[PDB]
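As structure tokens, the structure follows; a few thoughts come after it.
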Amino acid sequence: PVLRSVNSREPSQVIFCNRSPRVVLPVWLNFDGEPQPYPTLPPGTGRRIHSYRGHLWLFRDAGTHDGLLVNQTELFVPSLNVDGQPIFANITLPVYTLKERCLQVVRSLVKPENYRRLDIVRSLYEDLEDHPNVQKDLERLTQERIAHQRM
Amino acid sequence: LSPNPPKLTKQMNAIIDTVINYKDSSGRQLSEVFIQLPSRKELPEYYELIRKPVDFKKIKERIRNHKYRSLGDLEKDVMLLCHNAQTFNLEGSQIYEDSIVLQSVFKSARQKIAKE
Amino acid sequence: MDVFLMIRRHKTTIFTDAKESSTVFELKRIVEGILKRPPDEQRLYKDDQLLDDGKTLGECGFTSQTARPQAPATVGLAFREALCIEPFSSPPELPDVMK
Amino acid sequence: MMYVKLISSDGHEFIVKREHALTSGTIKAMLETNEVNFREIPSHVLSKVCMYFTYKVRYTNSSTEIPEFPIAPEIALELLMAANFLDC
């Protein structure tokens, strides 16, 4: 699997900084590429945590699983701690598309049994039903990594 | 409670240090994950399945407190750690295979100490 | 500091940005570029109060905290005519499944 | 020039920067010159879409903290239809 944590021996102190209004779910990809949920971060909170150089991290909304940014990108990889100093991982909201932002609002106000009762275009029902998840984005981020590695 | 003969304590430490400082053919320190048990608030399912939990820190603590009165008492606690590891973790997983090698290293370290 | 504005004149809305340090006269120049009316033919308003050309937007009450990209501050505009802000269309009644 | 006019179904005109209107692929295709008419998008929805363009241009590929784009429950469905149509 392209997206996985390498069997790193180098320990890395990270500052997980939640600069977002969402409860953050930190996601560690293990050595097989499998997503592992870590303790959640309330909005405006920071945790000093122990990780490893070359380990893979993803950040999601803990209640909805919406994708989040970390240092302006989707994947977080701890680097070298210059003179013990920790690595700063700034977790923010991405600039969601207006369509995605809208889907998040409708999902938060309507229970799934009532999606089909909304006066919207037939296709938008399937868009509401297609909830964000780590695994869907893992496939897309795999292709982007391969394309980068090839160039 | 009271200290065991110093030869016995020295023998216990030599075996445990060999097991803890051990590097497998791949060059990895296998003891690393078995040093400290997972936190009860981190993995509660461990303390639910494992009735008698033990780690290398608890074993080293029992040597210095003179809780083990023989190399057998020490062996029983190392066999228990490896058994607990082989019970909680799935067969074929790296941690499971690591406990097999450590259990074998103990038997080799014990036999080398008995030969001296 | 950047301010985000919504200039309103009857059924016309201009979405633009400026500095807190920029003048009313300067904002009028942006309006001049778009609507092709000189600054002398323009009248700018904040909460229905007329604004002097020489004043900065910050002095008028437009601050970065209240003039956001996603919630722009309203600027009243009238030409050489009463200041008229025509209401927009209304959303339908909220569905029972969204209540 | 630097500005385009978006006209709502009910007659309201929205003058935005070209850069901001370019967020929408549908608007690129649609672009009197520099004027686009929407016979389906009402003025309360179109205003919100223009606020979304401003918000998107300002916060995209920016280092600073990103605030939540607010959406009141009453416009949510219509704004969903328009965003899907505009592809933004």
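With (1) more than 14 Å from chain D (Cβ to nearest Cβ); (2) closer than 26 Å to D:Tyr52 by Cα; (3) surrounded by 14 or more Cβ atoms within 10 Å (Cβ to Cβ) as the list, and C:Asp47 as the residue in question, which single condition is left unmet?
Against the list (1) more than 14 Å from chain D (Cβ to nearest Cβ); (2) closer than 26 Å to D:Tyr52 by Cα; (3) surrounded by 14 or more Cβ atoms within 10 Å (Cβ to Cβ), C:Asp47 comes up short only on (3).
Among the numbered conditions (1) within 22 Å of D:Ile71 (Cα to Cα); (2) surrounded by 16 or more Cβ atoms within 10 Å (Cβ to Cβ); (3) in contact with a strand residue (DSSP E or B) (Cβ under 7 Å, 6 or more places away or on another chain), tell me where C:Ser64 comes up short.
All conditions are met except number (2).
Just to be sure before I move on: is C:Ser89 part of a loop (DSSP other than H, G, I, E, B), among the small types (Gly, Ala, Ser) and closer than 23 Å to D:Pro42 by Cα in the structure I sent?
yes
I'd like the full set of residues that are hydrophobic (A, V, I, L, M, F, W, C), buried (at least 16 other Cβ atoms within 10 Å of the Cβ), in a loop (DSSP other than H, G, I, E, B) and more than 8 Å from chain C (Cβ to nearest Cβ), limited to the stretch D:24-72.
Selection gives D:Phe38, D:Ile41, D:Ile66, D:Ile71.
Could you please let me know if C:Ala18 is among the small types (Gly, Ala, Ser) and in a strand (DSSP E or B)?
Yes: the conditions hold for C:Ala18.
Within the bounds of the stretch B:58-68, is there any residue that is surrounded by fewer than 19 Cβ atoms within 10 Å (Cβ to Cβ), within 21 Å of B:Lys107 (Cβ to Cβ) and in contact with a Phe, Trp or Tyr (Cβ under 8 Å, 6 or more places away or on another chain)?
Yes, that holds for at least one residue.
Output yes when any residue across the stretch A:22-29 is assigned by CATH to the domain that holds A:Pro78 and more than 23 Å from A:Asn133 (Cβ to Cβ), and no when none is.
no
Could you list, in sequence order, the residues of the stretch A:69-83 that are within 20 Å of D:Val57 (Cβ to Cβ) and buried (at least 16 other Cβ atoms within 10 Å of the Cβ)?
A:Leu69, the sole residue that qualifies.
Being surrounded by fewer than 16 Cβ atoms within 10 Å (Cβ to Cβ) and in a strand (DSSP E or B) is the requirement here; does A:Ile49 meet it?
Taking the combined requirement at face value, the residue does not satisfy it.
From the residues in the stretch A:1-23 that are more than 14 Å from chain D (Cβ to nearest Cβ) and assigned to a strand (DSSP E or B), which one is nearest to the chain's Cα centre (by Cα)?
Among those that are more than 14 Å from chain D (Cβ to nearest Cβ) and assigned to a strand (DSSP E or B), it is A:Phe16.
Counting only residues that are among the polar types (S, T, N, Q) and under 13 Å from the mean Cα position of the chain (by Cα), which one in the stretch B:1-28 is surrounded by the fewest Cβ atoms within 10 Å (Cβ to Cβ)?
Applying the filter and picking the extreme gives B:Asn21.
What tally of residues in the stretch B:71-116 results from selecting those that are over 13 Å from the mean Cα position of the chain (by Cα), over 18 Å from B:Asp17 (Cβ atoms) and hydroxyl-bearing (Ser, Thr, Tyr)?
Summing the residues that are over 13 Å from the mean Cα position of the chain (by Cα), over 18 Å from B:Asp17 (Cβ atoms) and hydroxyl-bearing (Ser, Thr, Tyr) in the stretch B:71-116 gives 3.
Can you tell me which of A:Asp137, A:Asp127 is under 22 Å from the mean Cα position of the chain (by Cα), within 11 Å of another protein chain (Cβ to nearest Cβ) and of a type in the set (D, E, K, R)?
Step by step, each of A:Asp137, A:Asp127 is checked, and only A:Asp127 is under 22 Å from the mean Cα position of the chain (by Cα), within 11 Å of another protein chain (Cβ to nearest Cβ) and of a type in the set (D, E, K, R).
Would you mind finding the one in B:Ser26, B:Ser108, B:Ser99 that is closer than 29 Å to A:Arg9 by Cβ and either of a type in the set (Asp, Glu) or not in a helix (DSSP H, G or I) (or both)?
Every option except B:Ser26 fails the conditions.
Given the conditions (1) among the hydrophobic types (A, V, I, L, M, F, W, C); (2) in contact with a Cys (Cβ under 8 Å, 6 or more places away or on another chain); (3) within 14 Å of chain D (Cβ to nearest Cβ), report the number of the one that C:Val31 does not fulfil.
Of (1) among the hydrophobic types (A, V, I, L, M, F, W, C); (2) in contact with a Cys (Cβ under 8 Å, 6 or more places away or on another chain); (3) within 14 Å of chain D (Cβ to nearest Cβ), only one is false for C:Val31: (2).
Return the residues of the stretch C:30-60 that are under 14 Å from C:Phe79 (Cα atoms) and assigned to a helix (DSSP H, G or I); say none if nothing qualifies.
C:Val31, C:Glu32, C:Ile34, C:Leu35, C:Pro39, C:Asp40, C:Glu41
Is it the case that D:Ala21 is buried (at least 22 other Cβ atoms within 10 Å of the Cβ), within 20 Å of C:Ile30 (Cβ to Cβ), touching a helix residue (DSSP H, G or I) at 6+ places or on another chain (Cβ under 6 Å) and of a type in the set (A, V, I, L, M, F, W, C)?
So D:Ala21 passes the test.
Residue-wise test of (1) within 14 Å of another protein chain (Cβ to nearest Cβ); (2) out of contact with any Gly (no Cβ under 6 Å at 6 or more places or on another chain); (3) buried (at least 16 other Cβ atoms within 10 Å of the Cβ); (4) not hydrophobic (A, V, I, L, M, F, W, C).
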position	(1), (2), (3), (4)
A:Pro42	no, yes, no, yes
A:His55	no, yes, yes, yes
A:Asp61	yes, yes, yes, yes
A:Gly67	yes, yes, yes, yes
A:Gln85	no, yes, no, yes
A:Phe88	yes, yes, no, no
A:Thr92	yes, yes, yes, yes
A:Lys99	yes, yes, yes, yes
A:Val110	yes, yes, yes, no
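Numbers and lists here come from the model and the stated rules, or from a named source; these are not laboratory values. Every residue, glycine among them, receives a Cβ derived from its backbone with ideal geometry; neighbour counts consider all protein chains shown.
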